[PDB]
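Participant: Provided herewith is a single structure, encoded as structure tokens, for subsequent inquiry.
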Amino acid sequence: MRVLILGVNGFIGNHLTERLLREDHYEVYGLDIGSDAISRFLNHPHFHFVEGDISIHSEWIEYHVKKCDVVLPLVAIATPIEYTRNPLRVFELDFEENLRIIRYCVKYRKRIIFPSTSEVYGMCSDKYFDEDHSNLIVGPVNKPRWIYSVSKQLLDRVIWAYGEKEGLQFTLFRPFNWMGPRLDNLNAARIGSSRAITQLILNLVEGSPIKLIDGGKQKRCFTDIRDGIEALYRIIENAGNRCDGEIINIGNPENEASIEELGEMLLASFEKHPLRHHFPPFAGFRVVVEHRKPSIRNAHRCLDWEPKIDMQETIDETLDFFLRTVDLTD
Amino acid sequence: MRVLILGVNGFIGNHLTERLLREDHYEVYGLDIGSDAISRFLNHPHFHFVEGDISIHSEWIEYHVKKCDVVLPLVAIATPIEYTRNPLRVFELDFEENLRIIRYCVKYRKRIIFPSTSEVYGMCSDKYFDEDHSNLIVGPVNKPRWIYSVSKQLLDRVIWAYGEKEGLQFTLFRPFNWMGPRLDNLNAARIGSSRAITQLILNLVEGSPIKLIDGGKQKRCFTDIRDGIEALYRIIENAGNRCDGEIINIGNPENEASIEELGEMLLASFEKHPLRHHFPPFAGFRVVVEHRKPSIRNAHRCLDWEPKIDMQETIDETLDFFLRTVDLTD
Amino acid sequence: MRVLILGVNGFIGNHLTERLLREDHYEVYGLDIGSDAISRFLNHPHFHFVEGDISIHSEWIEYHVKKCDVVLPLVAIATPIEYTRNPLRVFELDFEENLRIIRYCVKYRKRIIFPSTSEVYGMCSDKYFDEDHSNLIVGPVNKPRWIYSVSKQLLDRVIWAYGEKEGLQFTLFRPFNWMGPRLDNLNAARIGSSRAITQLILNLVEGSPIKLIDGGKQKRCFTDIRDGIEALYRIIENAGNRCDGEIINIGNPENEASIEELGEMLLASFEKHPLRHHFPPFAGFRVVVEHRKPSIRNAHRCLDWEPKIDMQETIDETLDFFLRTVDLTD
Amino acid sequence: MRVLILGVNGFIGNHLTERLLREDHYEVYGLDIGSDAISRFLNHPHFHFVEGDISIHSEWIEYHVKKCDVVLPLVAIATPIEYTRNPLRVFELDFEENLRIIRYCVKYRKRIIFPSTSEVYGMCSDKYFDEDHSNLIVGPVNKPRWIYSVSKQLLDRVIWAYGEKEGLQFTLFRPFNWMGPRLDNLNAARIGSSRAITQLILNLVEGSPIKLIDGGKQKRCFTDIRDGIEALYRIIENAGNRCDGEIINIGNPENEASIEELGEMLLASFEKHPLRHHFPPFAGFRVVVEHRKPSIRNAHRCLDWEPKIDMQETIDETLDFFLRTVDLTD
Amino acid sequence: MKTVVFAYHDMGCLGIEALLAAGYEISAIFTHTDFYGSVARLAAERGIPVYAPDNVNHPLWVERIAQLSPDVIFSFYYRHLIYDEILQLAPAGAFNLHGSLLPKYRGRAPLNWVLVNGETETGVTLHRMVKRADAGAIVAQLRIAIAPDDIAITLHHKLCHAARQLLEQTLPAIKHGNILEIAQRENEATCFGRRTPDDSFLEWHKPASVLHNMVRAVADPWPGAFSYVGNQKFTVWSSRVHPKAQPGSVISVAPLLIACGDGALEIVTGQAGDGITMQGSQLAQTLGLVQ
Amino acid sequence: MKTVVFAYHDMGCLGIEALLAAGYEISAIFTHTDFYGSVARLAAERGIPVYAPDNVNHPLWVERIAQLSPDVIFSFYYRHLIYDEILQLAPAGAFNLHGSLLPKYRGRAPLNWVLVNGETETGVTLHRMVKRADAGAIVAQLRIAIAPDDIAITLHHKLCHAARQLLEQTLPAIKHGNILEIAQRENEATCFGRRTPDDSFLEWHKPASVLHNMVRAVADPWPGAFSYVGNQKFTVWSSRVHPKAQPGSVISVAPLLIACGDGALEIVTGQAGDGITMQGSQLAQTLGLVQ
């Protein structure tokens, strides 16, 4: 099984590649423009680094789709300010360039495992966002923050249509704030790591304040990467072909917190940490979609999966690794 | 001023062409695959029939965009059953082929006057659908009727983006149940005529029943083509460049009726008509988005326009012309 | 013999088409975007009007090259102010679009008869500009008036190279101020009519002044279209294949005058004309490459041609026809 | 700053790469079909060898333009006999293939640093060839040696036009007989090394005669590569953006000599050299554009540059390195 | 008395200064992003919050203004519609300072239009803001004469001076309460829209006096009145009217006189295209004109 | 005495007026296309031919100037090189009016650089134009004091006033003939180049007084001194210096005080990005600053 990861040089690429290389029947083709995040797999016999950029290359990516069996496109900009500061580039990369890769899979009859986004639900009023039943709610066109949500949704619909009409084999997945070791940088155009926890950990690391937009009462769910990657690994395995044509939220709905509470949890774990003294004093909380909890019935059904790691162990492990790998001279 | 109408062989094409030819400074290029609906302009010195089909032609349409100054793409399927029976074809024609025409305008720096749809608002809860402020509400992906609404909306957003980023000059318009003489056939892929009144008039003409889906309590607004075409003509004139980058609902919000009431109005006008005896007895009302009223402030502001024809005169005139032109031997 | 004239709707197109239709073995395909200048040939059995534009069409022109035997590309902007006001468009049309047509001839092994320009010699100091021996002299790059001269020259060199390397059959011709009935409009992008005499006749017709740039001491040669078209007709006939690979100046070197003298000659012929009273009084001479006389040895040798019409008869005939066809209500 | 050198495997590539790698903020991408001339940089962390050929590759070069910030296209044939023996190939490579690279820079908004040629001035009669004021003088079309000069000039004009119309950032440079260590081979299609000194040194090395075409009274200027490369390095640095849209002669106008004198200088330096005995006796001088001195005001102004190395030290250093690296067994 | 002010340009600056001198508490100033004074700089300097949204007719701004609880609202040359949902927030009402003798010259650019039309007088009016723009009752109106040699800029300074005089006494009067206002008679109103480049186009068939007024109306620092010599645009920066030829034809080139429908217009200074300003005689040569 | 003048800005206008008042015959004025007076408008109004070529160092202009036969040439704030082939055309020489106490501050923007460097004095100098720019012998030099509260615009007006005073007496003196000029001592010269946006960038590790001078040097109507709050640019339009924290850190937000390498700088007024000017306290909130 040849697995093509586009945008391997990051969080998901790292953790997914580790997982697949444990198993004896995977060849991982990791496409990216750099390899610093995964440099320890470069010498692995079943890892294959592929030089590339999905905006520049046509034929090279197309080739690698043909060569491989399953494809995971992880290249996208999901930086909120960018939705308003550089909307065209968000659209071009996240929509147009990924659409080309989708069409390569259709053409060579390959399976695609596509990262949809939890942002597709928008201001959905269900308490549990359900992939198969929840209505998707966005604001008017004069609220440009929604361009990312709606680009990703239209891409889902296009995948769905290729599936219905052209026999594309797909699974869509929606990560909810995955977190752990080897988080993407905040401005890396790679899907997967919780931007909210990376930002907060960054605040503590830099000694900048934690912004609570309107008191930080908006609630989010957070998912350990060990749980998340286990689910994604099962989607890849696709026991019984039970993931075919499915849309699967992957998150831990019991790991719910407002940004305020997430703030306090991180701070507690931080102040307790043996390396805390390398970092500045706490600059403080700064007052400047109200809920986003996944239904995980689809993951229960298709993957026989449920999350095993509590909030506190994921927080602690995520923070610990981040602090330990910070370069203190830079 | 060279005006390119794509899909001229219909309701809007007819009424728009009549209007522009009254004025001495218009050359109308009417593109279509047939000319029966407009055959009386074929000999007019300032009308130019152009053979074409927006799904087949690339270069020929591109040429005519370059040759002309302003472009009105009226080719689209807006037949509700088709959204569910032939969704891919609705998407391909209404979205993909119109997107090519948009990009021709961008490339040759031509003005585009694009028919958005009142369906973009979806289940918006505002009483008056406002182009600049109302949120757009659709159902889940498992409700495929929304594919038309969302295709048209994404096209608006793409036009908007070309406008912002690439200096495209556009005006978007949204017709609300325009009606009058020379209605499109129910399955013609041309935008503009109220499918609800055409269907009902057809019921009376054929002696089939009028379907009131859940009692026909859903309310719609209806607009005489003399009012509608006057507005569209002013968008073409673009006094003061006041229509640049604007989105304009064109409807008469005082001409509100449920399908039931529209039913009774048509029936009254029908039973009173001198040619009623050529048509079968009334087969009856058959019980089988709840409101769709436009805000017209944008049309007030940009066009200095307000609708002048009451419900009853539009109903009567629309019915009268339809009945008089029916071929009774076929 | 199928003769393809690109840009037939003008001076050369008219006079050439007349000449070829006198002979029984020519089929003339006259390509243009309008036909008003040649409308009296539209019904001729051996004239074939072809709709087209060399900047828009690819395949249609290519087709007509394949269909035909010999090709005369007459579309170019040679309006001096345009060289400085719209240099890119002069380059794109005159160079790039004509280069495509050249390559069509190369590909389908057709003969090309190409209008080079007398402007290629530039500030050549020979008294007689010689196609085979005179050096070409232009100013620095900071003198943008030379972009037209140098674009045309490079096109000649490219034709020459196709001839040497790819067996292209060509003749190049250089007209020197051809004049007669049916002059091109001053801003028509069609080669052939003396812009200097059209301007002057226009001054007299409009009652504007005749501009003598630095006293109008720069000397030019002027050629009756009956002489010019006779030469071009012989190039088409190509007796003995004696025009193959040749460059031929076509002008009358004895019809030499400064702009001042040309001015006085026109004015004398004007004041004497029976329709002079329909035109305003003379607004006067207004003080605001010094010589451009062709060698015609190549035309003597290849065509056995020499010019037969004196300055005065060409002036008189050119003016007379212009005045008689002016629309006095417009 | 990512610097893309196309045709790095030569004189300029070597000396430029050395210079840029001294500085800590350059990444050099050296594109070529071989690496023997630069093999000692292959292991450098900030040098990146790129396999390529500008006549074969489209997408690969395009990619590397996008990836990089500034581009230096050094691939061209400037071997005089080739202008007459293989003119089409000189045109295709030097003009057509470089034009593609120019258009890649335009498209991705990259800066281009382009080697124009001192041959553009041709037979200009100014004593000092001035980039901004000197007229360019070439012979008739029947003197095919000028095809190289005129191809390069038209390329300059096209660059200039992209600059004016399309916001291309460019600097043009004109080297005058740069010389030093690691001279290009005489038939390498790479710009930069004085063909006149390479030939002469070759005569001495081979024991062939030095050809003085008409007595070798034509005068040339010669420039040490340490001076030349310093200037080019400053163009790359572009302090104050003072090189934007500029054309810069880079030569030493005080290092003037006829070919005869250059001959005698080389011979004197040769006969004095400790390795002279490995080479044959002097075969002698053989009798078989008269001046080409640069104005360097633009380099003075933009780069604050003036040449520092006298004729004799450049001659001696150039000869010394050549002799020392000759393979005496081959 | 607390107030929220909408202001721009010199009138905006002097209105803010007058409110401050009259003891009003300015909670916020709404203005616009861009020779005149900057309301934003004045606000920034006086420590008054300042906002420049492109459009305030939205609930976001209604709420922000409501929170400021103005007793009264003033508009001093603000250029956009301030809708009633905002104006009604002020119990004491909203007042606008308009540069004309209302009801004449409601609308845009009254400074320029009064010169275009050759009025011999104009003025400043402070009036209540009602549903209908520029039609509310008059608190006070102060007339100024327009001199034959006034141009837009000199008239502008006179209007600003009149505005200062008017506000100095009326602002304290408003602070004391409602003033019996003078109704505008609709049948006497005139309204003008924003001037387009076409509105400063000189048409020579018109009387020289009318063209001269057009030159005065948009003289520097305004865009200038313009015409064409064939296809060459030129601007007439200053002119003089003079007491038998085709209109538009050159009577003389030094001085440069152009025949009009009636009388002649001397182009004292002007420029060709985007070239520099020069005396008419030089402009004539630049344009290739001859008698 | 006839002259050809190169002039721009307020200094150019006052220099032209002074030449005219001194009886010089101005044959032509060379200026540039664009709050200050327009030399072109002044020339156009006075009926003096005016040219604005981008570059005069070309034979076309040498010949045009030669034909005007100037006895003397003056440069009053012309911004480009006028090469010797032109200047040598005037037998009486060429003179330049420079805004500094030459030999100090030769070069560009002496008005701003003297404030940047915290000079307590500056002045205007009229000097002969020689091969080396701004180095010719001095005809006269007039010093003015720079007050602690002067900013670029107030100093500019003082310099213009000094220039008027200097020219009023020196121009007639030149008309009488050569004046014994005062040589500039090269060892005492300083030269400054054109200021880049980087030259107005506030670096908080510097003394508050130095930063305060930078604010003064480019205050409105100049571009303003600027810094960043992370990735957000802001401009400091006016400031105050105040007498134990990381440089660049916020000491207080009302008033807005920023710790410097030494002392603190109060941002009295400023703006965020291209936003409007506001008081420092409001700017602090706009930028999300807290103590």
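Labeling convention for the structure tokens: chains A, B, ... as they appear, residues from 1 per chain, ligands from 1 in order of appearance.
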List the spatial neighbours of residue 17 in chain F as a list in words - criterion: any atom at most 10 Å away, only C-alpha atoms, same-chain residues fewer than 2 positions off excluded.
Facilitator: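 Selected residues are residues 11, 12, 13, 14, 15, 19, 20, 21, 22, 24, 42, 43, 46, 164, 167 and 168 of chain F.
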Participant: Can I get the selection written as a PDB file, in the first residue's frame, with N, CA, C and O atoms?
Facilitator:
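Result written to selection38.pdb:
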```pdb
ATOM      1  N   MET F  11      10.760  77.911  -1.043  1.00  0.00           N
ATOM      2  CA  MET F  11      12.029  78.606  -1.263  1.00  0.00           C
ATOM      3  C   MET F  11      12.127  79.056  -2.713  1.00  0.00           C
ATOM      4  O   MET F  11      12.619  80.144  -3.007  1.00  0.00           O
ATOM      5  N   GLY F  12      11.657  78.217  -3.629  1.00  0.00           N
ATOM      6  CA  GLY F  12      11.704  78.591  -5.029  1.00  0.00           C
ATOM      7  C   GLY F  12      10.826  79.803  -5.280  1.00  0.00           C
ATOM      8  O   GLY F  12      11.224  80.741  -5.976  1.00  0.00           O
ATOM      9  N   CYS F  13       9.634  79.802  -4.682  1.00  0.00           N
ATOM     10  CA  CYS F  13       8.722  80.915  -4.903  1.00  0.00           C
ATOM     11  C   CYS F  13       9.295  82.201  -4.345  1.00  0.00           C
ATOM     12  O   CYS F  13       9.278  83.230  -5.008  1.00  0.00           O
ATOM     13  N   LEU F  14       9.816  82.157  -3.121  1.00  0.00           N
ATOM     14  CA  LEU F  14      10.320  83.393  -2.547  1.00  0.00           C
ATOM     15  C   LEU F  14      11.583  83.867  -3.239  1.00  0.00           C
ATOM     16  O   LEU F  14      11.862  85.071  -3.290  1.00  0.00           O
ATOM     17  N   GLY F  15      12.360  82.927  -3.794  1.00  0.00           N
ATOM     18  CA  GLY F  15      13.561  83.322  -4.497  1.00  0.00           C
ATOM     19  C   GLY F  15      13.192  84.047  -5.786  1.00  0.00           C
ATOM     20  O   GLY F  15      13.816  85.044  -6.151  1.00  0.00           O
ATOM     21  N   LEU F  19      14.067  87.911  -6.745  1.00  0.00           N
ATOM     22  CA  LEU F  19      14.793  88.314  -7.931  1.00  0.00           C
ATOM     23  C   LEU F  19      14.010  89.397  -8.649  1.00  0.00           C
ATOM     24  O   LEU F  19      14.596  90.377  -9.113  1.00  0.00           O
ATOM     25  N   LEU F  20      12.695  89.211  -8.714  1.00  0.00           N
ATOM     26  CA  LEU F  20      11.844  90.168  -9.410  1.00  0.00           C
ATOM     27  C   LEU F  20      11.873  91.498  -8.688  1.00  0.00           C
ATOM     28  O   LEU F  20      11.941  92.549  -9.326  1.00  0.00           O
ATOM     29  N   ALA F  21      11.842  91.462  -7.359  1.00  0.00           N
ATOM     30  CA  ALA F  21      11.864  92.712  -6.600  1.00  0.00           C
ATOM     31  C   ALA F  21      13.213  93.419  -6.734  1.00  0.00           C
ATOM     32  O   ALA F  21      13.295  94.650  -6.638  1.00  0.00           O
ATOM     33  N   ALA F  22      14.276  92.656  -6.974  1.00  0.00           N
ATOM     34  CA  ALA F  22      15.616  93.218  -7.122  1.00  0.00           C
ATOM     35  C   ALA F  22      15.907  93.694  -8.556  1.00  0.00           C
ATOM     36  O   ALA F  22      17.020  94.108  -8.864  1.00  0.00           O
ATOM     37  N   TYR F  24      15.807  91.843 -11.416  1.00  0.00           N
ATOM     38  CA  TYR F  24      16.355  90.883 -12.369  1.00  0.00           C
ATOM     39  C   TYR F  24      15.317  90.554 -13.420  1.00  0.00           C
ATOM     40  O   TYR F  24      14.123  90.568 -13.150  1.00  0.00           O
ATOM     41  N   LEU F  42       3.337  80.390 -10.018  1.00  0.00           N
ATOM     42  CA  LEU F  42       3.869  81.735  -9.888  1.00  0.00           C
ATOM     43  C   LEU F  42       4.453  82.200 -11.221  1.00  0.00           C
ATOM     44  O   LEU F  42       4.267  83.344 -11.634  1.00  0.00           O
ATOM     45  N   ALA F  43       5.158  81.301 -11.897  1.00  0.00           N
ATOM     46  CA  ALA F  43       5.740  81.660 -13.184  1.00  0.00           C
ATOM     47  C   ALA F  43       4.614  81.928 -14.181  1.00  0.00           C
ATOM     48  O   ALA F  43       4.631  82.944 -14.867  1.00  0.00           O
ATOM     49  N   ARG F  46       3.115  85.212 -13.552  1.00  0.00           N
ATOM     50  CA  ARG F  46       3.976  86.343 -13.864  1.00  0.00           C
ATOM     51  C   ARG F  46       4.352  86.386 -15.362  1.00  0.00           C
ATOM     52  O   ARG F  46       5.088  87.272 -15.784  1.00  0.00           O
ATOM     53  N   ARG F 164      14.205  84.986   2.776  1.00  0.00           N
ATOM     54  CA  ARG F 164      13.681  86.247   2.231  1.00  0.00           C
ATOM     55  C   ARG F 164      14.578  87.406   2.682  1.00  0.00           C
ATOM     56  O   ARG F 164      14.933  88.293   1.898  1.00  0.00           O
ATOM     57  N   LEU F 167      18.078  87.126   0.814  1.00  0.00           N
ATOM     58  CA  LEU F 167      18.020  87.460  -0.595  1.00  0.00           C
ATOM     59  C   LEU F 167      17.725  88.929  -0.852  1.00  0.00           C
ATOM     60  O   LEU F 167      18.257  89.498  -1.786  1.00  0.00           O
ATOM     61  N   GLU F 168      16.886  89.529  -0.016  1.00  0.00           N
ATOM     62  CA  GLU F 168      16.511  90.924  -0.202  1.00  0.00           C
ATOM     63  C   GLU F 168      17.750  91.827  -0.289  1.00  0.00           C
ATOM     64  O   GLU F 168      17.740  92.809  -1.029  1.00  0.00           O
TER      65      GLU F 168
END
```
Participant: For residue 160 in chain C, work out the shell of residues within 12 Å, counting only C-alpha atoms and skipping chain neighbours fewer than 4 positions away, then give it as a list in words.
Facilitator: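 The neighbour list is residues 102, 106, 112, 114, 116, 153, 154, 155, 156, 164, 165, 166, 167, 168, 169, 170, 171, 172, 244, 245, 246 and 247 of chain C; 88, 141, 142 and 144 of chain D.
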Participant: Okay, now the selection with C-alpha atoms, as a CSV table (one decimal), in the first residue's frame?
Facilitator:
```
chain,number,residue,atom,x,y,z
C,102,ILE,CA,4.0,34.1,-41.7
C,106,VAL,CA,5.7,28.3,-43.8
C,112,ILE,CA,3.6,35.2,-49.1
C,114,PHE,CA,4.5,40.8,-47.5
C,116,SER,CA,7.6,45.7,-45.7
C,153,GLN,CA,12.6,45.1,-40.3
C,154,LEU,CA,12.9,42.2,-37.8
C,155,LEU,CA,9.8,40.7,-39.5
C,156,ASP,CA,11.6,41.0,-42.9
C,164,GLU,CA,16.7,30.3,-46.4
C,165,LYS,CA,16.0,27.6,-43.9
C,166,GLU,CA,12.5,26.3,-44.5
C,167,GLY,CA,11.9,26.9,-48.2
C,168,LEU,CA,9.3,29.7,-47.7
C,169,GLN,CA,8.5,31.3,-51.0
C,170,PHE,CA,8.2,35.1,-50.4
C,171,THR,CA,8.4,38.4,-52.0
C,172,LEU,CA,8.7,41.5,-49.9
C,244,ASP,CA,11.3,34.7,-55.4
C,245,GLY,CA,13.2,35.8,-52.3
C,246,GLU,CA,13.3,39.4,-53.6
C,247,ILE,CA,12.8,42.7,-51.8
D,88,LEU,CA,19.4,30.1,-36.7
D,141,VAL,CA,20.6,42.7,-43.9
D,142,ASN,CA,23.1,41.2,-46.4
D,144,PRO,CA,24.7,38.5,-41.4
```
Participant: Enumerate the residues of range 35-206 of chain E with a DSSP assignment of strand (DSSP E), computed from the backbone, and present them as a count of residues only.
Facilitator: 32
Participant: Near range 8-21 of chain D, counting only C-alpha atoms, which residues have an atom at most 9 Å away, once you skip same-chain residues fewer than 3 positions from it, shown as number ranges by chain?
Facilitator: D: 3-5, 24-39, 41, 44, 46-47, 49, 73-75, 179-185, 188, 190-193, 225-226, 229-230, 232-233
Participant: Using only C-alpha atoms, please write the residues we just selected to a file, as a JSON list (two decimals), in the first residue's frame.
Facilitator:
```
[["chain", "number", "residue", "atom", "x", "y", "z"],
["D", 3, "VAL", "CA", 19.75, 33.90, -6.79],
["D", 4, "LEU", "CA", 19.06, 31.79, -9.88],
["D", 5, "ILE", "CA", 22.01, 31.58, -12.30],
["D", 24, "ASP", "CA", 25.72, 35.26, 4.55],
["D", 25, "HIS", "CA", 22.32, 36.02, 3.01],
["D", 26, "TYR", "CA", 22.52, 34.42, -0.46],
["D", 27, "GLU", "CA", 21.25, 31.04, -1.65],
["D", 28, "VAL", "CA", 22.65, 30.35, -5.09],
["D", 29, "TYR", "CA", 20.75, 28.13, -7.48],
["D", 30, "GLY", "CA", 23.17, 27.28, -10.32],
["D", 31, "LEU", "CA", 21.43, 25.75, -13.27],
["D", 32, "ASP", "CA", 23.42, 23.89, -15.95],
["D", 33, "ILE", "CA", 23.91, 20.58, -17.82],
["D", 34, "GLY", "CA", 27.32, 20.05, -16.18],
["D", 35, "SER", "CA", 29.19, 21.07, -13.04],
["D", 36, "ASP", "CA", 32.94, 20.57, -13.75],
["D", 37, "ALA", "CA", 33.64, 24.34, -13.73],
["D", 38, "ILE", "CA", 32.07, 24.79, -10.27],
["D", 39, "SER", "CA", 32.51, 21.42, -8.66],
["D", 41, "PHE", "CA", 30.78, 24.62, -4.59],
["D", 44, "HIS", "CA", 28.50, 24.23, -0.09],
["D", 46, "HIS", "CA", 24.13, 27.67, 0.30],
["D", 47, "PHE", "CA", 24.84, 26.49, -3.29],
["D", 49, "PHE", "CA", 22.99, 22.67, -8.30],
["D", 73, "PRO", "CA", 20.42, 34.23, -17.62],
["D", 74, "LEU", "CA", 23.98, 33.60, -18.90],
["D", 75, "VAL", "CA", 23.26, 31.10, -21.66],
["D", 179, "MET", "CA", 38.95, 38.37, -18.10],
["D", 180, "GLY", "CA", 40.63, 36.48, -15.35],
["D", 181, "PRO", "CA", 40.90, 32.92, -14.02],
["D", 182, "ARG", "CA", 38.52, 30.16, -15.23],
["D", 183, "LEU", "CA", 37.73, 31.53, -18.68],
["D", 184, "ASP", "CA", 34.90, 29.83, -20.61],
["D", 185, "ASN", "CA", 35.92, 27.52, -23.39],
["D", 188, "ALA", "CA", 30.73, 27.26, -24.60],
["D", 190, "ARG", "CA", 27.84, 30.96, -21.72],
["D", 191, "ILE", "CA", 28.25, 34.74, -21.63],
["D", 192, "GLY", "CA", 31.05, 36.53, -20.07],
["D", 193, "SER", "CA", 34.69, 35.83, -20.91],
["D", 225, "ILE", "CA", 36.87, 39.94, -13.53],
["D", 226, "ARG", "CA", 37.50, 41.24, -9.95],
["D", 229, "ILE", "CA", 32.16, 40.85, -10.68],
["D", 230, "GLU", "CA", 32.25, 43.57, -8.06],
["D", 232, "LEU", "CA", 27.65, 42.72, -10.94],
["D", 233, "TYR", "CA", 27.54, 41.96, -7.24]]
```
Participant: Please identify all residues of chain E having at least one atom at most 12 Å from any atom of chain C, considering only C-alpha atoms, and return them as a list in words.
Facilitator: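 My answer is residues 229, 230, 249, 285, 286, 287, 288, 289, 290 and 291 of chain E.
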Participant: Could you tell me which residues of chain A sit within 8 Å of chain B when counting only C-alpha atoms, and give me the result as a PyMOL selection string?
Facilitator: chain A and resi 88+132-142+157+161
Participant: Write to file, as an mmCIF file, in the first residue's frame, the residues of the selection just made, with N, CA and C atoms.
Facilitator:
```cif
data_model
loop_
_atom_site.group_PDB
_atom_site.id
_atom_site.type_symbol
_atom_site.label_atom_id
_atom_site.label_comp_id
_atom_site.auth_asym_id
_atom_site.auth_seq_id
_atom_site.Cartn_x
_atom_site.Cartn_y
_atom_site.Cartn_z
ATOM 1 N N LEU A 88 -7.670 35.615 -1.536
ATOM 2 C CA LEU A 88 -7.517 35.031 -2.857
ATOM 3 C C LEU A 88 -6.542 33.880 -2.816
ATOM 4 N N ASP A 132 -23.609 14.014 8.823
ATOM 5 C CA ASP A 132 -24.722 13.574 8.009
ATOM 6 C C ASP A 132 -26.039 14.333 8.215
ATOM 7 N N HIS A 133 -26.178 15.153 9.240
ATOM 8 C CA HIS A 133 -27.502 15.799 9.531
ATOM 9 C C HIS A 133 -27.486 17.267 9.844
ATOM 10 N N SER A 134 -26.390 17.801 10.356
ATOM 11 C CA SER A 134 -26.346 19.210 10.730
ATOM 12 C C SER A 134 -26.333 20.159 9.515
ATOM 13 N N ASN A 135 -27.181 21.179 9.581
ATOM 14 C CA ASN A 135 -27.155 22.255 8.592
ATOM 15 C C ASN A 135 -25.913 23.090 8.764
ATOM 16 N N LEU A 136 -25.450 23.673 7.664
ATOM 17 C CA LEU A 136 -24.215 24.464 7.683
ATOM 18 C C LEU A 136 -24.657 25.944 7.644
ATOM 19 N N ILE A 137 -24.145 26.760 8.559
ATOM 20 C CA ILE A 137 -24.599 28.124 8.664
ATOM 21 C C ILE A 137 -23.455 29.087 8.568
ATOM 22 N N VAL A 138 -23.479 29.927 7.541
ATOM 23 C CA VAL A 138 -22.509 30.999 7.437
ATOM 24 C C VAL A 138 -23.170 32.348 7.351
ATOM 25 N N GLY A 139 -22.359 33.372 7.522
ATOM 26 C CA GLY A 139 -22.828 34.738 7.406
ATOM 27 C C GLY A 139 -22.984 35.235 5.963
ATOM 28 N N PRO A 140 -23.429 36.477 5.800
ATOM 29 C CA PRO A 140 -23.538 37.078 4.494
ATOM 30 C C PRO A 140 -22.197 37.094 3.746
ATOM 31 N N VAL A 141 -22.243 37.410 2.465
ATOM 32 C CA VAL A 141 -21.003 37.622 1.677
ATOM 33 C C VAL A 141 -20.132 38.799 2.227
ATOM 34 N N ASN A 142 -20.721 39.837 2.813
ATOM 35 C CA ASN A 142 -19.950 40.891 3.442
ATOM 36 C C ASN A 142 -19.188 40.541 4.741
ATOM 37 N N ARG A 157 -18.399 18.934 -1.413
ATOM 38 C CA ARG A 157 -19.481 18.644 -2.340
ATOM 39 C C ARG A 157 -18.987 18.147 -3.694
ATOM 40 N N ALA A 161 -19.733 14.526 -5.317
ATOM 41 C CA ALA A 161 -20.206 14.380 -6.688
ATOM 42 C C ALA A 161 -19.339 13.444 -7.546
#
```
Participant: Using only C-alpha atoms, find which residues of chain F lie within 9 Å of chain E and jot them down as a count of residues only.
Facilitator: 30
